[PDB]
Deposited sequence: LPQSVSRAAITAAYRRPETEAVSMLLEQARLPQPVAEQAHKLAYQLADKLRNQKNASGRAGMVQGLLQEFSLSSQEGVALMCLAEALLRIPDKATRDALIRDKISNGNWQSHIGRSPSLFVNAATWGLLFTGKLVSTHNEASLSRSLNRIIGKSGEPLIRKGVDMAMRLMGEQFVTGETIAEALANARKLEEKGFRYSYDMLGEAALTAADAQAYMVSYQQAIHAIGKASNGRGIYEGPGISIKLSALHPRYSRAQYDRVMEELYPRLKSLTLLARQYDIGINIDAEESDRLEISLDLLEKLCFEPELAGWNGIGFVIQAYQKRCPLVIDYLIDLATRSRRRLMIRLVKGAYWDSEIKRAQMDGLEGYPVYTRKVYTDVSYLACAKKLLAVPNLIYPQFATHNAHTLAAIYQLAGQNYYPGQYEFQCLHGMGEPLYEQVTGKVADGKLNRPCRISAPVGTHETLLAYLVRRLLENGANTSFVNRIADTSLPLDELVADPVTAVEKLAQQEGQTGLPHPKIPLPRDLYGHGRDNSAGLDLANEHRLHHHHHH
């Protein structure tokens, strides 16, 4: 292997104490920057949580719960009475006074809960719902729902769907280009049957020509084409595919190739070193989406089943946060080589990147990204004119496209993301959790744990090593 590829392999499952300890000083924000990040994060979170006065309304309630010493059911009952009294029109009058069921249920619940996360059932429908926010300065990336093709027919169908989508997105883009215009996002698992266990030779013979074909088509329309990151044991083969792609003569001088990297992996900073070298060698600027990662629950389960020396992902959420910040700094340092795309719904992560990107923003420096049905409210404060009180930074919405038949796995990942007590989007909804704790600096949080526990970067107390 090359030096950079070798360093990736060696970090696959490195002990958490070691990985976190080495990331800490790279993630640490200089005091002045940390202070500005905190103020901004607080302001974003405050406006988001309290757009409709949720905390104030919650407080007024508690106040009356004391000025009468009433229970919850008591207060509510009183409000119902008060409500009925307020409907008296005249103030004087008022004053004076088997398995098929379970299978069907699961499928239905999937559709119902999933609707909010889906942009359109077809690319035409999805594209129709774009101008609304595109006119506000939002950008889109259409991500076809449908993954882990099981048969050759399945993979063929997905391929045809991607090709069709690129034609439609490309026509809609109408020359706007890879930055300002919409792009497409693809899953390698959709393009090759049984990708999860596919061997190198077959992937290169069968998957790669498809990846190449789609990328050439994207180039013809000058739209971005992004390669989603999936399970951790597919990282290596995805880098082999990216490497070959970047050296295609027909793609020379074109910078529309995109690639996701997952900060929850111990390999992430080493993958960045590789990507930096690859951009240099292939003479291009790579569009790199930095994300935390969507498969954490399954990654933990897989590792515990395989009984290996460790986990490929962190086991405490705050460590993933630290990884993300350290990786963000690395990406921002090389603007000639990488166009970083910072995917997050987290107000602190957003504010930290905003400050880390430094003075003198220019549109092509970087962008933020979010998922449809999750990020729009937060980014309404971000994308738009400074005169309208926004930060004037671009955000690209990832827009799932597909019917109920392709939605299941994506929906489950969204449930896990939204429902986890560690997720920012879960915690911000809790009016009980103080804003300062919500936007707490992750580096400081890690040092706090270290002081309590006796060393830095210890694994989650409830997630022992697989061999234990």
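Missing from the model, relative to the deposited sequence, are the ranges 1-2, 100-154, 526-551.
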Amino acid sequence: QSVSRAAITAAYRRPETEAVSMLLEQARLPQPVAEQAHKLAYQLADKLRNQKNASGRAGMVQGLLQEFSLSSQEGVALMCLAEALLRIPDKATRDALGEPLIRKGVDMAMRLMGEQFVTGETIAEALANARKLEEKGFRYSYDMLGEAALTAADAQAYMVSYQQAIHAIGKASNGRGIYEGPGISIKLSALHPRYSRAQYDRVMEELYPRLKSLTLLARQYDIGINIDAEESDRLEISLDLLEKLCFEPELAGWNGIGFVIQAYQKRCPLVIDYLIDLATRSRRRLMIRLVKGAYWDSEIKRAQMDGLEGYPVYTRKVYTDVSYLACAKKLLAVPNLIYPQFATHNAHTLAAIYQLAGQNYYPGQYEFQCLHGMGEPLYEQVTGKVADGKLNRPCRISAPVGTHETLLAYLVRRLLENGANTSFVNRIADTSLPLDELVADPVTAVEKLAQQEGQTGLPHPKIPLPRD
From here on, numbers count along this sequence of modelled residues.
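Mean CA temperature factor is higher for 139-147 when stretches 347-355 and 139-147 are set side by side in the entry. Relative to one another, 120-128 and 171-179 have unequal mean CA B-factors, and 120-128 is the one with the higher figure. Between the residues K301, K329, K266, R111, the entry's highest C-alpha temperature factor is the one at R111. Across the options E230, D297, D95, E367, the residue with the most elevated CA B-factor in the record is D95. Split the chain's modelled residues into thirds by C-alpha temperature factor. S189 is in the lowest one. Compared with the other modelled residues of the chain, the Cα B-factor recorded for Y339 ranks in the lowest third. In the PDB entry, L40 places in the middle third of its chain by CA B-factor. Sort the chain's modelled residues by C-alpha temperature factor and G253 lands in the middle third, per the entry.
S196: CA B factor lies in the middle third for its chain, per the PDB record.
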